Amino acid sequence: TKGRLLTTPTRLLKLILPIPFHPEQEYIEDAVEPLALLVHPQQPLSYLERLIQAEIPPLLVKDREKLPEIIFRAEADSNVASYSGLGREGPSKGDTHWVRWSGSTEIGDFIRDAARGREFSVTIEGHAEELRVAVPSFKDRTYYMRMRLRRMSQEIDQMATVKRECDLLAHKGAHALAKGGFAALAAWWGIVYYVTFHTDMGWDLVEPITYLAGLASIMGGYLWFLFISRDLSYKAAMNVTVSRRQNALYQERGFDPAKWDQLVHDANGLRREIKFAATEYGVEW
């Protein structure tokens, strides 16, 4: 019959606690449906106190009723606070040492510290038995973030592999003048080899032609470096890649076979959030 502190997509935390009450004007026999409270990690424990006081019967002493006092305890314990980040997933021990926490402690700070144990206590004044709520683990607090990071990193791959094929089907075509340059030399080889070893004319005649052709290829490269070859012609290569990245209407959500504003910095910005949460809980990720 233990309570829960659940995490939501937003920063809020939903608190399920089964109060043992219901046949009560004042609590000083079926219980009432467990209380579900929505709290923020930045509001103090005193606000969580007056939240539970509203969904609870008054406390009567003699002629007057008064709001019950609520005390939160945790297993907190030589000079370094032993953090585990396991929470309810921890090992548990026979009997634990509890300490009171100040009503000014923010719920977020109190929860991450109490994660050293498997549960934190909630005591309502006037009722002898204390309640138990299982502290969320580090993995619990980052469930929607991790599950969304897995979703982000998978759509990125469905979008990267089409930029991959777009950026590889643009090299076999752009390297056509490189293979043609090799064919020009090998064909020029065969002309020189044939005339020397299969023709009467000697090196007196062919060598100047090989020199005039050498200067021609040098000047051909000078007229080539006199185009967009100087500095970075990647702008011309980027235009061919941009034309190859045509839009596709295949998938309504996570559209396949297209390319645009790849927002990967949110997948990294989300990972920075999950790792910062692991550090304050004192764990690796």
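Sequential numbering from 1, following the sequence displayed.
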I'd like the number of residues from the deposited sequence that lie between residue 77 and residue 78 yet are not in the model, binned as none, 1 to 3, 4 to 9, or 10 or more. 1 to 3
Count class of coordinate-free deposited residues lying between the neighbours residue 28 and residue 29: 10 or more
When the C-alpha temperature factors are averaged for each of 202-210 and 152-160, which stretch ends up with the higher value in the entry? 152-160
For the C-alpha atoms alone, is the average B factor greater in 172-180 or in 67-75, going by the entry? 172-180
Between 54, 60, 37, 228, which carries the biggest CA temperature factor in the record? 228
Sorting 127, 88, 141, 93 by Cα temperature factor from the record, which one lands on top? 93
Within this chain, which third does the Cα B-factor at residue 269 fall in: lowest, middle or highest? highest
Would you mind checking where the Cα B-factor of residue 277 ranks among the modelled residues of its chain, as the lowest, middle or highest third? middle
Using the B-factors in the PDB entry, rank residue 186's C-alpha atom against the chain and give the third, lowest, middle or highest. middle
Which third of the chain holds residue 46 when residues are ordered by C-alpha B factor: lowest, middle or highest? lowest
Should residue 19 be placed in the lowest, middle or highest third of its chain by the C-alpha B factor in the entry? middle
